[PDB]
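This report refers to the structure that appears directly beneath it.
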């Protein structure tokens, strides 16, 4: 994977000694080239993960996330061009360095071989985002935002470290290939429950899970837009990639202690989706929407069925493209109106034709029209959960109905209706943010044509 | 907004119709292959076990 | 006014002095060049040729081989009076059962 | 785990006994990374000293990388020596004490009673 | 067709030759006739180009083979070499077994339309043939879990085989 | 078999061509409404021919060509089952839309987005045809939500119309309530029957379809404006008058009823589930007509009558009159 | 342009601070009436009449006729479900 | 035509391509490090023809 | 801004540990999770109790 790693780190010298105006052009073009090179990673064998090196390996689960990160990186590059114009060149290059460093840690995380190496770069993503959230934020609270996001993830991260090093002393290795191949049943000894626990809350705190999610509304609604997408699109999914990994050994414990988190989640998305319907800030809805969508994933991983894992993977990638779009969409409105209140700028279809479309299928992908990959992930979860328990259907079915309730609500309360006559600064929609939405949406329908590439290794 | 839309189709069709022409040309100038019993004395190369020649070419040059 | 600070500058719109710009940056010549190159790279070969690459990828998880090999022993089971597929993946004779 | 092993001459960086081991290759990624540490140190030097960072005095920069690789080289030679010593007392003690590390026979999968937990 | 009836059994097709005693001639007959010689004729010769071009340069593609390796039952614990071979062999057998279920469903589904309203009585043979395959599939690979493996299936096979062994002794009484 | 199935495939793609030309921004937006007329009228014209052999020999088949998902044991492919119901409904649907948007050209002409307007009726038409020309519930689900979001946009044709936005909000909301049963049936079929295509589900002999039948019943209840799921259908009248002579006029409301007759092989099995349909259908006939009896509108009253009618044919489905119900729908 | 005094304060107890929030929230002294102090955190926000936007008179020159609101005037804490599209509290003849 | 600016402007633009080929150089510097069992897995135990002397490189 | 700030910021500074608030916190807190815990546990226990001796309808279910 150094055919991706080496060019990615080579973006640092190139972006750090380019001209004072070419930093945006240079970073965007070669990051896209990295995305094209990363597209070759879509190739997967029947069941053998691509073992490029001793310390790097990939399969049908890592690559779709890998392409998601690499494809994403130019998207914040173009999104940040708007509000980063009024800055010095050296600080601007510092911003680009954080994004590239964030990307580089992401690729190493997904391509990691053993759990400890995965853990190091996994957590290492906290540092670049911590600077992004805090240094370049917009409001006073961002200082409290960073601490909330940092400690929450760390509070669960440290128990996993103790459990991980404990794995090495007991099993003899932490390599994922050996762990799955040398998998042994886990006893129900009272120590083993905490052993199971210490490998879980690390992944579910950043999912986020119901209860342990408050950093999500306190960061995504408050981070800079560029940091907002990568947080929602991929960073939450870091728990997903880990959980499919760590569950290979933590069996058959999952049968019992999934329950306290299952209905914690099962009552979760319905509860969270209710909060989304009754927000006042724009970005607060999508943030609360993200945990709601992430909640069905938690059930998908934990239930441990092949169908749910495919549904987990599809919903994971689909939500990333979606949540990035709505966060980008909110940023476009926030920039002109200098706020994020929902009913502040209702009724803008008459002035924003193309935006009103970009609202339209972005919300529809949030409603998950058929046959968008959102349903393909969502429906697979439903069938797996129903096979587990019939009474499941009412809950998340009601959730995706209250999900439908709000997912038109901002469409009504941002585009439908009459403009505000005192507002007179909604200028012609610039092609930059405009083309940004195009690059968000077309891969969604393109992947809809051939979804078979994003169901993970269980397909 | 119209500047958007013609810029997409122009740039989409810039490499859109050439590869569209190339794929159609390949289908009607080289076609596909046919199943075999693996004639003895020669093991198939890595790109031999594929139907579409473009897929064979992709595996030939990259995989 | 103890904190001597300049007043909040009004946000600039990309189209005031550059109506035909693309909303990328201030200097025009690279603003088109930026637009030309992102509009090139994004929706072109990264998108189009990328789509052909994945669509025309070689055998993905070997399902054509699955069908070809499936038809072979589908015939074999149907030929010599055998069920299409047995109930034991591993032969029950080699497994030494305890007791 | 090694300061009490017999024959350990004190304050002696690389034992003459250690010369029987493969010297670290010059291309060794561990070694070249330590060269980058020298490169990074040079850039930090010009930053505090308010100098043209990358394009500032190369002699100050080139000294940093040249120093780091050298002290990197012997540290890497000492690296494998101790690890080799760990692997030397490894097997000599295993052979000296055979009974506490018995040989395990083969009890292949066809005979184990290991159960299948129904994942439903 | 490339496929044969041993794989995909196609019930024989009969044609109820008409007898239009009515005064008016049938409208379908020449409606299909015109559809034939205004659309099919241009595409038949066009296909002749496509078929003749394929004959001009006909390359070859073969079928990937797989030499059988020792099974997980005969494989060694903590030995990563042999049991990896048995693991991959088991996974391929799973993929083939998945496609066996696919074919029998395809044959079964093809039966239903062929017999039309008589599917209830004329598709029982294909239904039971799929039924025993599905039942064999359920004790074969079902319930293993998302992290299924050769050792996991072997435990299920051993669990089923010891349960029936105990049942057989119980039946002996 | 050389005609018919191929002709149906020709009919359902030529209706997409206006959208393809519309999104290609090469079409002329001025005569596009008239261009839409020619497309729909022609698409109706090629819709008559697939009837001819069905009258002649009554042949029926299923077209499944391009395999989408393998999903281990459950392969997925786009598939249209052309049976008695689907075959003769296409000309009925095609003739209706051609006439109603013929009227709508004169009526719906005092609006800047009449080009975008007529395009929306086209985007309804292929979604509805996707629903009726379906072989697995997922494609019908594709059309189900497609028309529902289509009504959402069409009902809220005036984005400044507050009442239309509420009606559209109620329009999808009740429609999503119906899909809860669709999802319930979706999960049961993939679990107990392990199938999605219509043919396999019927012939697997699911003689215990109790919960699926309730799920099917709930789906039709939301789509066909049953009691408790009725008021969106009157609410849809808030939009432009042609829009009321559209999806919710008699087209989209009967989609759930079309689903009911679709699953008639298993629908008759449970007398209980067989009963609750004609109950709710009967209550709709009384209640909606009762509201229309003392009322002060025109479109609303005939909208209430439609719900009363929409309660009528699936009462007959409740008494096991599937084909007779489908005849009633087209009438 | 923003300060704590015109920011929403804690739950008002003394009558002078009731007047203090009255000028900040832009009503008169008798028109200020905060929510009950049951610990729900509403604090200084006044319990405005339990009405909906549908009850508002269309004929009045609203600064936001799309929802029938006016600039500067105080709004309801629970305005969101009490707007024209959502639940309405207008009287019914029955 | 201003030889200085053309290279000076675009000298940073080759950094990613050289990294790519360098990246493609060393990841396949890895296979010869992981030679071990070549044509030794009995599943792919292929008898070496006289023409070639190696299975893969 | 008064509505948003009071609906977002000034709830905790005005929040009180009042027994009423803890009461509604309790019944809307652990309540519903224990509600659905018992429901799903009872469903799973009632469902599971017939799998181990073959009393369910599973013959045509080989996907999960």
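From the backbone N, Cα and C atoms, a Cβ is placed for every residue, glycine too.
Taken from Swiss-Prot, the feature transmembrane segment covers A:22-42 (among others), and the record attributes it to sequence analysis.
The transmembrane segment feature in Swiss-Prot is assigned to A:60-80 (among others); the stated evidence is sequence analysis.
Per Swiss-Prot, the feature transmembrane segment maps to A:98-118 (among others); the stated evidence is sequence analysis. Proximity of distant same-chain residues to the transmembrane segment (A:98-118), defined by a Cβ-Cβ separation under 8 Å and at least 6 residues beyond the stretch ends, is recorded for 1, 4-5, 8-9, 11-12, 15, 27, 31, 54-58, 62-63, 65-66, 69-70, 73, 76-77, 80, 124-125, 128-129, 131-132, 164-165, 167-168, 173-177, 179, 226, 230, 234, 238, 241-242, 245-246.
What Swiss-Prot records for A:147-167 (among others) is transmembrane segment.
Beyond its flanks by at least six residues, the transmembrane segment (A:193-213) meets 152-153, 155-157, 159-160, 162-164, 166, 186, 235-236, 238-240, 242-243, 246, 250, 253-254, 257, 261, 264-265, 267-269, 271-272, 291, 294-295, 297-298 of its own chain at Cβ-Cβ distances under 8 Å. Among the features that Swiss-Prot reports, transmembrane segment is placed at A:193-213 (among others), with the record citing sequence analysis.
Within its own chain, the transmembrane segment (A:224-244) is flanked in space by residues 61-62, 65, 68-69, 72, 75-77, 79-80, 83, 95, 99, 102, 106, 109-110, 118, 122, 125, 129, 132-133, 136-138, 200, 202-208, 216, 283, 286-287, 290, 294, 297, 301-302, 309, 312, 316, 319-321, 323-324, 327-328, 331, 456, which lie at least six positions past its ends and keep a Cβ under 8 Å from the stretch. For A:224-244 (among others), the entry in Swiss-Prot reads transmembrane segment, with the evidence type sequence analysis.
Tertiary proximity for the transmembrane segment (A:257-277) is limited to same-chain residues at least six positions away from its ends with a CB under 8 Å from its CB atoms, namely 193, 196-197, 200, 204, 209-211, 213, 285, 288-289, 291-293, 295-296, 298-299, 302-303, 392, 395-396, 398-399, 402-403, 405-406, 409. According to Swiss-Prot, the transmembrane segment annotation covers A:257-277 (among others).
Here the transmembrane segment (A:284-303) has long-range neighbours at 204, 207-210, 213, 216-217, 219-221, 232, 236, 240, 243-244, 247, 254, 258, 261-262, 265-266, 268-269, 272-273, 275-276, 309, 311-312, 315-316, 319, 322-323, 326-327, 330, 340, 342, 366, 377-378, 380-381, 384-385, 388, 396, 399, 403, 406-407, 410, meaning same-chain residues at least 6 beyond its ends whose C-beta is under 8 angstroms from one of its own. Summarising the annotation, Swiss-Prot assigns transmembrane segment to A:284-303 (among others) and lists sequence analysis as the type of evidence.
Tertiary proximity for the transmembrane segment (A:308-330) is limited to same-chain residues at least six positions away from its ends with a CB under 8 Å from its CB atoms, namely 61, 64-65, 68, 72, 75, 79, 220, 225, 228-229, 232-234, 237, 240, 244, 282-283, 286, 289-290, 293-294, 296-297, 299-301, 340, 355, 358-359, 362-363, 365-366, 368, 372-374, 376-385, 433, 436-437, 440-441, 443-444, 447, 451, 454-456, 458-459. Look at Swiss-Prot and you will find A:308-330 (among others) tagged as transmembrane segment, backed by sequence analysis.
Residues annotated as transmembrane segment in Swiss-Prot: A:351-371 (among others). Below 8 angstroms of C-beta separation, residues 289, 318, 321-322, 325-326, 329, 332, 378, 400, 403-404, 407-408, 410-411, 414-415, 419, 426, 429, 434, 437, 440-441, 444, 448 of the same chain, each at least six residues beyond the ends of the transmembrane segment (A:351-371), sit close to that stretch.
Within its own chain, the transmembrane segment (A:391-413) has Cβ neighbours under 8 Å at 266-267, 269-270, 273-274, 276-277, 279, 282, 285, 289, 292, 296, 299, 342-343, 346, 359-360, 363-364, 366-368, 378, 381-382, 385, counting only residues six or more beyond its boundaries. Here Swiss-Prot flags A:391-413 (among others) as transmembrane segment, drawing on sequence analysis.
What Swiss-Prot records for A:435-455 (among others) is transmembrane segment, and it gives sequence analysis as the kind of evidence.
Sequence-distant contacts of the transmembrane segment (A:60-80) (same chain, at least 6 residues past either end, Cβ-Cβ under 8 Å): 4, 24, 27-28, 31-32, 34-35, 38-39, 41-42, 44, 49, 95-96, 99-100, 103, 106-107, 110-111, 224-227, 229-230, 233-234, 237, 241, 244, 313, 316-317, 320-321, 324, 328, 331, 432-433, 435-436, 439-440, 443, 453-457, 459.
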